[PDB]
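Engineer: First the structure, which I've put down as C-alpha cells, then a few questions once you've had a look.
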Amino acid sequence: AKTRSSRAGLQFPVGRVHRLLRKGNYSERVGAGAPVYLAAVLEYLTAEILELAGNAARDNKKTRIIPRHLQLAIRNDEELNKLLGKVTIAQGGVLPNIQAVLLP
Amino acid sequence: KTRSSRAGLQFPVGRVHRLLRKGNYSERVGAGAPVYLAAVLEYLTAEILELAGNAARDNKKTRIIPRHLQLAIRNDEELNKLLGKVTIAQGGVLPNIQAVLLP
Amino acid sequence: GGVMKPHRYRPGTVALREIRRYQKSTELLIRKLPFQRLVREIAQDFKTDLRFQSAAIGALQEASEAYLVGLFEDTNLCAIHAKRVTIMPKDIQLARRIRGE
Amino acid sequence: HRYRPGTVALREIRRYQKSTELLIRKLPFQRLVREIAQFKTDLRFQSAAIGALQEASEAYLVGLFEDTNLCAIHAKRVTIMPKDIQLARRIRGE
Amino acid sequence: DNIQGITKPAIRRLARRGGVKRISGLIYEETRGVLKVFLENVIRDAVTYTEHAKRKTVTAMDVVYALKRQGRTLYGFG
Amino acid sequence: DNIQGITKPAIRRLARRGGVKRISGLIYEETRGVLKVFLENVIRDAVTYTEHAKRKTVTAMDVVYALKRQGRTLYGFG
Amino acid sequence: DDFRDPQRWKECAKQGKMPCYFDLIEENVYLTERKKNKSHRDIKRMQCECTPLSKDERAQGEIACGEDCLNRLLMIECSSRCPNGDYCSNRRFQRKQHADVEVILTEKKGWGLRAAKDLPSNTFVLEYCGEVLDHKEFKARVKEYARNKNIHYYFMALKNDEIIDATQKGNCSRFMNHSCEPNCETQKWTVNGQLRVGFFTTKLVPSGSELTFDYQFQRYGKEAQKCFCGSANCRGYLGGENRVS
Amino acid sequence: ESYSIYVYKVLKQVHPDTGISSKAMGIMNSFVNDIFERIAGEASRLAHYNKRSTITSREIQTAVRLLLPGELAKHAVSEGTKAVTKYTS
Amino acid sequence: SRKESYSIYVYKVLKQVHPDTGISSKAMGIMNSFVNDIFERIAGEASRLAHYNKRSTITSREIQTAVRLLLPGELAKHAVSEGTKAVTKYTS
DNA sequence: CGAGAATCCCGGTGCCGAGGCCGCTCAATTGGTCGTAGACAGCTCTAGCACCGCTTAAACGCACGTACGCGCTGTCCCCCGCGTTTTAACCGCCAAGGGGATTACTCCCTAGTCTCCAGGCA
DNA sequence: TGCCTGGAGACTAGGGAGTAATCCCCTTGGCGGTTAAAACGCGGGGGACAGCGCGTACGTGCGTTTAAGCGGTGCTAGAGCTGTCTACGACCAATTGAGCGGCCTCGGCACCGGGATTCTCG
Ligand SMILES: C[S@@+](CC[C@H](N)C(=O)[O-])C[C@H]1O[C@@H](n2cnc3c(N)ncnc32)[C@H](O)[C@@H]1O
Ligand SMILES: [Zn+2]
Ligand SMILES: [Zn+2]
Ligand SMILES: [Zn+2]
C-alpha cells in the first residue's frame, strides 16, 4: 500500500494538503493533481531557502541554523527579499550597512 | 411581505443572503447577518450620498458627478481613511498650493 | 514711430496659474493614440497577436495618471524639504525609496 | 586620552548592527502595555504576547529610523531632526 | 520608440496638476522609465489573467483585477 | 506615566542599530508618541479579538492576527 | 485744464486746453470678435480662497482681498461671485477707481501728465483704451497713414496679432510720455476672461512730479526719433539696426 | 443586475430634488461591492479562528468594529442593532 | 492534544541538501510559519481564480496560474518546472 | 612615529537542548457506486481593426533675460566622550487561585423540499 | 408594459451550539540581594545656520510644422449562448501503518581567562 507522496516522488505529504484544501472553504471540489503540484512547489521553496541558510551557517562557522542565518539568507537574495518584503523575523536582527558619507 | 419591509430597510435582504450562501465564506449562514449587513450598507450609502449632495449644492448643480464624489470623500476625515487606497476615475485632486511657493 | 509691447510676466505667475487651472479640471492629460501604441508595443512582448478593448486602455490611462500625480505630490514635498524649488531626479529616487518601490 | 567625536558612535553602530538582542527593557515596556491596555478593564496577558509586541515595536522603530537617516542625508546633514521623522511618516502614508 | 510619444508638455502638465512650480531637464527621462516599469507590471498581470481565461481579447475587468492585485483599487470600470 | 520608562539610552541604541551617527535632542518626544500610537492600534485590535473570543486572557495569536491585519506578518510565535 | 465737455471748440490739434476735437472712449471695442476663446469653458470662474468676516469695518478692520489674495498675486481681478461680494477691492477696472490726473505743458517735446497729489507704489492710474485691429487691416492702415505726415503714432501691440489704435478715440492715457527713468509702468491684467492693459506706479511720487512709463523700443520705418528727457543715461535713439515687427 | 434602483431610493430620501449620473452610479456600485467583500471576508476570517461553522450577527458586528473608524463604527453598530431588533419584534 | 506540524518534513528536506547541518526550534517555527503563509497565499489566490471564471473545481491549472502570478522572476519558472515534473510522474 | 584602548585567538570546562527509540492511536488508503460539471460542437452577431479625407489645435524650435542653485566663509551653540553617584532590573524562590480546556447532555436553528406568486429588467 | 425568474410560506430532521462540572496549568503578587545601567555634570570641538557672490539653466513669447481628433465605410475574428454526454469527484466500508507524545543520552556551544595583534591619536 504505497502512499501518494511515494508515487509522486516528493517529501511533503499529499493527504494532509488535500485535507487542508477540502477543509478550508476554498471551493466545492478539489482536483487530484492540485495537492501534488502544491507540495512540489512548497518542497522546492523549502529546499531553496534551506540551501542559503546552510551556506550562511557554513560561512559563520557553525553547525546549526539560527534565525540570524535565516535573516541573512533571505535578505542576501533578491527574489526572496521581494517575496518576503513585508515579513518580520523574530530574533533575526538587521544587515550591516553604513552610508559612505557618515565615515571618513 | 418582504423582509426589507419587516426590518424597515431599503437595500434587499434576499440578494445579500444569496450572495452569502453563494460566495464560499462558511458552511452555514444565520438569520440576522443579511439584515445587519444591509443596514450597514444602507447607512454608508446614505452618508456618501449626503456628503455628495452637499458638495453638489455647493457648486450650483443638480446632478452628482464623480468630482463631487471625490470632493465629498477627500474632504472628510474618516472616509479618506476608509478609502485611502482607492482611485476614483474622472475624479481629480484637491486644490492646494504649498506656502513656500506663493510670492 | 514704432509699436511698443506692454510688458512681460515675471517667472512663476503663469506657472501658478497653470497649477490652479489643472487642479480645477478633471480630464485626461496624455494623448490617447501614443498611449495606445505604447501599450500595444509593450504588450507584444508577452503574447503575440492580442486584441484590446477601449475601457481596458482607459482604465490603464486613469491608473497611470493617478500614479504619476501621486509620485509628483510626494516628490514636491521631497524638493521642499531639500530647501529648493526646482525638482531633481534625486527627489524622485528618494520618494521611490521611502515609499517602498 | 580622548577620542574624536564619532569613533565611539561608529563603534556602537557596528556592534549593534552585529548583535541581535533586544534593546528596550522588559518591565517598563510591560508596565506601559498594561497601562495603555485599560479598552477593557481587568485583563490578563501571556508572556509571548508582550514578547511579540516588543519585537514588532523595535522592528517598526528601526525601520522608521532608517528612513529618518535617509531624509537627514538627503537634506545634506548628519543630525536627524523631528522634521525628518515627519517627512518619512508623510511619504510612508501615515 | 513609442516612449517618445509621451511628450514633454504632457509630463509638464502632469507636474502642474501635481503642484510643481519649476521643473529641471531630466524629470522627463526619469518619468518615462517609471511609467514603463509600472505599465510592464500591470500589462504582465493582465495578460496572465487573459491567458488563464482562455480568451484572446483583453477586457477591462482583467485590468481592474491586476490593479487590485497591485493594491490600487479603481472605481468606475466595473 | 510609563512612557517615560522608554529611556534616552534605549532610543539611542535603537538609532545606533538604525545607522544614525548623530542625534538631536528632540527625537525622543516624537519617538515616544509614535510608539504610543502604534501600540494603541495593535492593542486595540488584540483586545477586540480577545473580547470576541469570550476570554479574559490576551494570547499571542491575537497579537499575530492584529499584526497580520495591519500588514506586519511576524514569524516565530505560531 | 482738462475740462471734458461734449461741445466741439476752437482748438486745432494740441488738445491741451480743449479736449473736444477728437472723441473720447470707454472700455475698448472690437471688430471681428468670434466665440473662440478660453472665456467660459475653463475660466468660467477663478474664485479666490478667502474666509472673511466683513462685519467689522472702521475698527479692527482689515480691507477685503488685499495683497494676500490668490487673484491679486496672479494679476487677475475677481468676478461678481466673490465671497466678499460688493466689498472686494480687486475689481478696479469695473468700478472705475482711478487716480487724479491733469494734462498741461511741461516740455517742448510734447504734452504729458504731472501728478496732482501724493500717490503711493502699486497704485492704479489709468487704463489704456482704444480701437482693436486684426491681421489684415494693420499693415494696410500703417502704410495708408504714414503718408499723412503725423508725428504721434498711437499703436500698442496687445498680442502677436492684436494691435490697439488710440488715435481716433482715446482716453486720458494717450498723452503720457517716454523717459529713461520710469516711475510708472504697464501690466497685463485679465478681467472677465479678456486681457486688459493698465498703468501702475512703482515709488512714492511727490505732489507735482512727472508720471511717465518706459517704452519697449521699436522702429517701423527708415527714420529715427530721439527723446528729450535726459535723466542720467538717455540713449534717445533706438537699439541699433533692429527690424523686429 | 445591480444596486442602482436602491441607490435611487436612498438618494431620494436625503436629497429630494437632485439627480445622479451613470458614472457616479457605477462608482457607488463599486463602493457597495467593495464594502460587501471586505465585511464578508473579515467575517469569514473570524469564524475560522474559533472553529465555528456559522456566520452570525455577532460575527458581522465584530467585522464591522474592526474595519470601520471610531465615530462611523458606533453609528453602524447602532443602525444594525436597531434593524436586527425590528426584524424579530 | 495531538497537533499538526511540518518539522519532520523540513528535517527530511534539510538532510538532503546539507548532510551535516542541524536546526533549532526557533528556526523550525519560522519554517513552519513560512510554509503556512505560502500555503495560505497560494490557496487564497487559487480560490479567487476559481470564482472569476465561474468554476467549482480547483485544479492544477488554477494552482499553476496562482503560482505564476505570485512568484517573481526565475523562481516561478523553476516552481512550474518542479510542479509539472511531479504531476507528470504521478499519472504514470 | 610610539603609548594605549579595543580586539582576535587558543584552550579548558561543563551543561541543557537536539536527537534517537518505542507504544500506540486515528487518519490516509483502497475498493466500489452514483450523480453531474465541464469538454466539445455548432450557430449567431458584434464590436474590433483597417483605411481615408479634412481641419486645426498642439508640439517644436529659437531668442533672450533673470532668478536661483551652488560654492565659500564666519560664528557660536550644542551634542559627545568621560567620570562619579544613585536606582531599580534581574534572578531566585514561594504560594494562592482563576480561568483555559475538556466532556457530557440536550434544545433549537437552519438546510432541504414543495408550492405559489409578485418585483424588477429590458 | 410583459413576464418570468427569483423571493416568500410551511414543515421536518439532524446535528451544531449552549450550559454545567471539574481538573490543573499558568498568571499574578511578594521579599531579598547584587550590580549593571541610568542619571547628572563638564569641558570642548564640530556642525548647523546665516550672509554673499556668481554663472547658467530654465521660464516666457512668437512662427512654423505636424499629427491628433472627427466623421464615414467596410470586413471579419472571436465573444457568447445553447445542446450531448462522458469521465471525474463526492461518499461510505474496512483496514493498517505513519506520525505525535514521552523518555534518556551525549555533544555543540557558551562563559572565562591568558596571550598576542590592530586601530587611534597627539
Ligand atoms: C502715446 S504718444 C506720447 C506723446 C504724444 N506725442 C502726445 O502728446 O500725446 C506716442 C507718440 O509720441 C511720440 N513720442 C513720445 N515720446 C517721444 C520722445 N521722447 N521723443 C520723440 N517722440 C516721442 C512717438 O513717436 C509716438 O508716436
Ligand atoms: Zn480674495
Ligand atoms: Zn475677492
Ligand atoms: Zn529718453
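Ordered as shown in the C-alpha cells, chains take letters A, B, and onward, while each chain numbers its residues from 1 and ligands are numbered from 1 in the order shown.
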Give me, as a list in words, the contact residues of chain A against chain J at a cut-off of 8 Å, counting only C-alpha atoms (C1' of nucleotides).
Structural biologist: residues 1, 3 and 15 of chain A
Engineer: Using only C-alpha atoms (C1' of nucleotides), determine which residues lie at most 6 Å from range 48-59 of chain D, disregarding the query and same-chain residues fewer than 3 positions distant; provide the list as a ChimeraX atom specification.
Structural biologist: /D:62 /F:59-60
Engineer: How many Å lie between CA of residue 66 in chain I and CA of residue 41 in chain C, rounded to one decimal?
Structural biologist: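 Taking CA of residue 66 in chain I and CA of residue 41 in chain C, their separation equals 26.2 Å.
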Engineer: Could you tell me, counting only C-alpha atoms (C1' of nucleotides) and all ligand atoms, which protein and nucleic acid residues lie no more than 6 Å from ligand 2, written as a PDB file with N, CA and C atoms, in the first residue's frame?
Structural biologist:
ATOM      1  N   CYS G  48     -11.304  83.198  -5.537  1.00  0.00           N
ATOM      2  CA  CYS G  48     -10.286  83.218  -4.503  1.00  0.00           C
ATOM      3  C   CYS G  48     -10.707  82.358  -3.315  1.00  0.00           C
ATOM      4  N   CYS G  50     -10.930  82.708   0.338  1.00  0.00           N
ATOM      5  CA  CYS G  50     -10.958  83.657   1.442  1.00  0.00           C
ATOM      6  C   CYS G  50     -12.094  83.297   2.385  1.00  0.00           C
ATOM      7  N   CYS G  65      -9.630  91.387   0.591  1.00  0.00           N
ATOM      8  CA  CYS G  65      -8.841  90.927  -0.557  1.00  0.00           C
ATOM      9  C   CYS G  65      -7.671  91.867  -0.854  1.00  0.00           C
ATOM     10  N   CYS G  69      -4.415  87.906  -1.354  1.00  0.00           N
ATOM     11  CA  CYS G  69      -5.390  87.194  -2.163  1.00  0.00           C
ATOM     12  C   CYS G  69      -4.695  86.357  -3.229  1.00  0.00           C
TER      13      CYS G  69
END
Engineer: Please identify every polymer residue within 8 Å of ligand 4, using only C-alpha atoms (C1' of nucleotides) and all ligand atoms, and present the set as a compact mmCIF listing (two decimals) with C-alpha atoms, in the first residue's frame.
Structural biologist:
# COMPACT_ATOMS: atom_id res chain seq x y z
CA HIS G 178 8.70 108.37 -22.52
CA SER G 179 11.72 108.67 -20.26
CA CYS G 180 14.73 106.51 -19.43
CA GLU G 181 13.91 106.89 -15.71
CA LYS G 226 15.12 110.73 -30.07
CA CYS G 227 13.99 111.56 -26.55
CA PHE G 228 14.41 114.92 -24.81
CA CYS G 229 14.34 113.94 -21.12
CA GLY G 230 17.99 113.25 -20.28
CA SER G 231 17.64 111.88 -16.74
CA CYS G 234 19.22 108.81 -22.11
CA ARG G 235 20.00 106.92 -25.31
CA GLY G 236 17.35 108.84 -27.25
Engineer: Find the residue from H:16, H:33, H:52, H:9 that sits nearest to chain K; use only C-alpha atoms (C1' of nucleotides) when measuring.
Structural biologist: H:52
Engineer: Using only C-alpha atoms (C1' of nucleotides), which residues sit within 7 Å of range 76-82 of chain H once same-chain residues fewer than 6 positions away are excluded, as a ChimeraX atom specification?
Structural biologist: /B:36,39-40,43 /H:61
Engineer: For chain B, report every residue with an atom at most 12 Å from chain J (counting only C-alpha atoms (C1' of nucleotides)), formatted as a list in words.
Structural biologist: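 Residues satisfying the distance criterion: residues 1, 2, 12, 21, 27, 28, 29, 30 and 31 of chain B.
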Engineer: Include C-alpha atoms and write out the residues we just selected as a PDB file, in the first residue's frame.
Structural biologist:
ATOM      1  CA  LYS B   1     -44.345  40.936   2.589  1.00  0.00           C
ATOM      2  CA  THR B   2     -40.589  41.161   2.076  1.00  0.00           C
ATOM      3  CA  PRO B  12     -32.733  43.973  -0.184  1.00  0.00           C
ATOM      4  CA  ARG B  21     -24.678  31.445   0.621  1.00  0.00           C
ATOM      5  CA  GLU B  27     -20.793  26.336   5.833  1.00  0.00           C
ATOM      6  CA  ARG B  28     -23.944  27.878   7.334  1.00  0.00           C
ATOM      7  CA  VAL B  29     -25.443  31.380   7.433  1.00  0.00           C
ATOM      8  CA  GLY B  30     -27.675  32.650  10.250  1.00  0.00           C
ATOM      9  CA  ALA B  31     -30.735  34.890  10.206  1.00  0.00           C
TER      10      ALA B  31
END
Engineer: Can you pull out every residue with an atom within 8 Å of ligand 1? Use only C-alpha atoms (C1' of nucleotides) and all ligand atoms and format it as number ranges by chain.
Structural biologist: C: 1-2; G: 14, 109-112, 151-155, 173-179, 225-229, 236
Engineer: Give the strand (DSSP E) residues of chain B, as DSSP finds them on the backbone, and put them as a tab-separated table (two decimals) with N, CA and C atoms, in the first residue's frame.
Structural biologist:
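File produced: result28.tsv:
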chain	number	residue	atom	x	y	z
B	28	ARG	N	-22.58	27.46	7.06
B	28	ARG	CA	-23.94	27.88	7.33
B	28	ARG	C	-24.00	29.39	7.53
B	29	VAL	N	-25.18	29.95	7.30
B	29	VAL	CA	-25.44	31.38	7.43
B	29	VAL	C	-26.68	31.54	8.31
B	63	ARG	N	-26.99	67.62	-10.33
B	63	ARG	CA	-26.62	66.25	-10.66
B	63	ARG	C	-25.26	65.95	-10.05
B	64	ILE	N	-25.18	64.85	-9.30
B	64	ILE	CA	-23.94	64.47	-8.62
B	64	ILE	C	-22.98	63.88	-9.64
B	86	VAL	N	-7.97	53.90	-2.81
B	86	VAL	CA	-8.94	53.79	-3.89
B	86	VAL	C	-8.76	54.97	-4.84
B	87	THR	N	-8.68	54.67	-6.13
B	87	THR	CA	-8.60	55.67	-7.19
B	87	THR	C	-9.96	55.77	-7.87
B	88	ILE	N	-10.55	56.96	-7.84
B	88	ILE	CA	-11.83	57.21	-8.49
B	88	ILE	C	-11.56	57.78	-9.88
Engineer: Can you pull out every residue within 12 Å of range 85-89 of chain C, counting only C-alpha atoms (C1' of nucleotides), but drop anything in the same chain fewer than 3 positions away, and send it as a PyMOL selection string?
Structural biologist: (chain B and resi 98-102) or (chain C and resi 12+71-82+92-96) or (chain D and resi 74) or (chain E and resi 12+15+18-31+33-34) or (chain J and resi 67-69) or (chain K and resi 57-59)
Engineer: Hey, which residues come within 7 Å of ligand 3 if we count only C-alpha atoms (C1' of nucleotides) and all ligand atoms? Could you give them as an NGL selection string?
Structural biologist: :G and (48 or 65 or 78 or 82-84 or 88-90)
Engineer: Write the residues you've just listed into a file as an mmCIF file, in the first residue's frame, and include N, CA and C atoms for each of them.
Structural biologist:
data_model
loop_
_atom_site.group_PDB
_atom_site.id
_atom_site.type_symbol
_atom_site.label_atom_id
_atom_site.label_comp_id
_atom_site.auth_asym_id
_atom_site.auth_seq_id
_atom_site.Cartn_x
_atom_site.Cartn_y
_atom_site.Cartn_z
ATOM 1 N N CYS G 48 -11.304 83.198 -5.537
ATOM 2 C CA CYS G 48 -10.286 83.218 -4.503
ATOM 3 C C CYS G 48 -10.707 82.358 -3.315
ATOM 4 N N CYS G 65 -9.630 91.387 0.591
ATOM 5 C CA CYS G 65 -8.841 90.927 -0.557
ATOM 6 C C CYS G 65 -7.671 91.867 -0.854
ATOM 7 N N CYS G 78 -11.236 89.817 -9.578
ATOM 8 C CA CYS G 78 -12.302 88.898 -9.206
ATOM 9 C C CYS G 78 -13.575 89.174 -10.003
ATOM 10 N N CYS G 82 -17.632 86.698 -5.891
ATOM 11 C CA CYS G 82 -16.665 86.730 -4.806
ATOM 12 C C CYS G 82 -17.363 86.547 -3.457
ATOM 13 N N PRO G 83 -16.715 85.863 -2.506
ATOM 14 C CA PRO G 83 -17.287 85.773 -1.150
ATOM 15 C C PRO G 83 -17.370 87.109 -0.426
ATOM 16 N N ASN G 84 -16.543 88.087 -0.799
ATOM 17 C CA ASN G 84 -16.699 89.432 -0.256
ATOM 18 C C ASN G 84 -17.834 90.184 -0.936
ATOM 19 N N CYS G 88 -15.136 93.576 -2.138
ATOM 20 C CA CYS G 88 -13.825 93.211 -2.654
ATOM 21 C C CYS G 88 -13.171 94.405 -3.342
ATOM 22 N N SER G 89 -11.849 94.507 -3.206
ATOM 23 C CA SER G 89 -11.097 95.632 -3.745
ATOM 24 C C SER G 89 -10.283 95.267 -4.981
ATOM 25 N N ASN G 90 -10.410 94.034 -5.482
ATOM 26 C CA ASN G 90 -9.711 93.671 -6.711
ATOM 27 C C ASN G 90 -10.351 94.323 -7.930
#
Engineer: Between CA of residue 167 in chain G and CA of residue 129 in chain G, what is the distance, to one decimal in Å?
Structural biologist: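 Here the two named atoms are 10.3 Å from each other.
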Engineer: Report the residues of range 44-86 of chain G whose backbone DSSP state falls under helix (DSSP H, G or I), written as a ChimeraX atom specification.
Structural biologist: /G:70-73,85-86
Engineer: Each residue of chain A lying at most 8 Å from chain B should get a row with its shortest atom-to-atom pair and the distance in Å to one decimal, counting only C-alpha atoms; could you produce that, ordered by chain and increasing number, as JSON lines?
Structural biologist:
{"residue": "A:25", "atom": "CA", "partner": "B:24", "partner_atom": "CA", "distance": 6.2}
{"residue": "A:26", "atom": "CA", "partner": "B:24", "partner_atom": "CA", "distance": 6.8}
{"residue": "A:27", "atom": "CA", "partner": "B:24", "partner_atom": "CA", "distance": 6.8}
Engineer: Any chance you could export the current selection's N, CA and C atoms as a CSV table (one decimal), in the first residue's frame?
Structural biologist:
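Wrote it out as part25.csv, contents follow:
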chain,number,residue,atom,x,y,z
A,25,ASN,N,-12.7,25.9,3.1
A,25,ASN,CA,-13.7,26.8,2.4
A,25,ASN,C,-13.1,27.5,1.2
A,26,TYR,N,-12.4,26.8,0.3
A,26,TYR,CA,-11.9,27.4,-0.9
A,26,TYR,C,-12.7,27.2,-2.1
A,27,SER,N,-13.3,26.0,-2.2
A,27,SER,CA,-14.1,25.6,-3.3
A,27,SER,C,-14.9,24.4,-2.9
Engineer: Do you have the CA of residue 43 in chain E-CA of residue 73 in chain E distance handy?
Structural biologist: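 If I compute the distance from CA of residue 43 in chain E to CA of residue 73 in chain E, I get 15.9 Å.
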Engineer: Using only C-alpha atoms (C1' of nucleotides), which chain C residues lie at most 9 Å away from chain K, written as a PDB file with N, CA and C atoms, in the first residue's frame?
Structural biologist:
ATOM      1  N   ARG C   8       6.138  91.976 -19.773  1.00  0.00           N
ATOM      2  CA  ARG C   8       6.322  90.533 -19.829  1.00  0.00           C
ATOM      3  C   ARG C   8       6.146  89.993 -18.418  1.00  0.00           C
ATOM      4  N   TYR C   9       5.484  88.840 -18.299  1.00  0.00           N
ATOM      5  CA  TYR C   9       5.178  88.286 -16.985  1.00  0.00           C
ATOM      6  C   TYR C   9       6.439  87.815 -16.269  1.00  0.00           C
ATOM      7  N   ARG C  10       6.458  88.017 -14.955  1.00  0.00           N
ATOM      8  CA  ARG C  10       7.537  87.511 -14.121  1.00  0.00           C
ATOM      9  C   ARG C  10       7.483  85.985 -14.073  1.00  0.00           C
ATOM     10  N   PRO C  11       8.640  85.303 -13.983  1.00  0.00           N
ATOM     11  CA  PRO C  11       8.628  83.831 -13.969  1.00  0.00           C
ATOM     12  C   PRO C  11       8.019  83.231 -12.710  1.00  0.00           C
ATOM     13  N   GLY C  12       6.907  82.519 -12.875  1.00  0.00           N
ATOM     14  CA  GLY C  12       6.222  81.896 -11.760  1.00  0.00           C
ATOM     15  C   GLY C  12       4.732  82.163 -11.745  1.00  0.00           C
ATOM     16  N   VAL C  14       2.572  82.626 -14.454  1.00  0.00           N
ATOM     17  CA  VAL C  14       1.905  81.748 -15.412  1.00  0.00           C
ATOM     18  C   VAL C  14       1.966  80.296 -14.940  1.00  0.00           C
ATOM     19  N   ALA C  15       3.035  79.921 -14.229  1.00  0.00           N
ATOM     20  CA  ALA C  15       3.149  78.561 -13.707  1.00  0.00           C
ATOM     21  C   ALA C  15       2.135  78.295 -12.598  1.00  0.00           C
ATOM     22  N   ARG C  31      -2.133  62.338 -24.498  1.00  0.00           N
ATOM     23  CA  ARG C  31      -2.739  61.983 -25.775  1.00  0.00           C
ATOM     24  C   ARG C  31      -3.053  60.489 -25.815  1.00  0.00           C
ATOM     25  N   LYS C  32      -4.142  60.141 -26.501  1.00  0.00           N
ATOM     26  CA  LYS C  32      -4.688  58.790 -26.405  1.00  0.00           C
ATOM     27  C   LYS C  32      -4.025  57.803 -27.359  1.00  0.00           C
ATOM     28  N   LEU C  33      -3.763  58.209 -28.598  1.00  0.00           N
ATOM     29  CA  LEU C  33      -3.154  57.319 -29.587  1.00  0.00           C
ATOM     30  C   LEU C  33      -1.674  56.989 -29.330  1.00  0.00           C
TER      31      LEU C  33
END
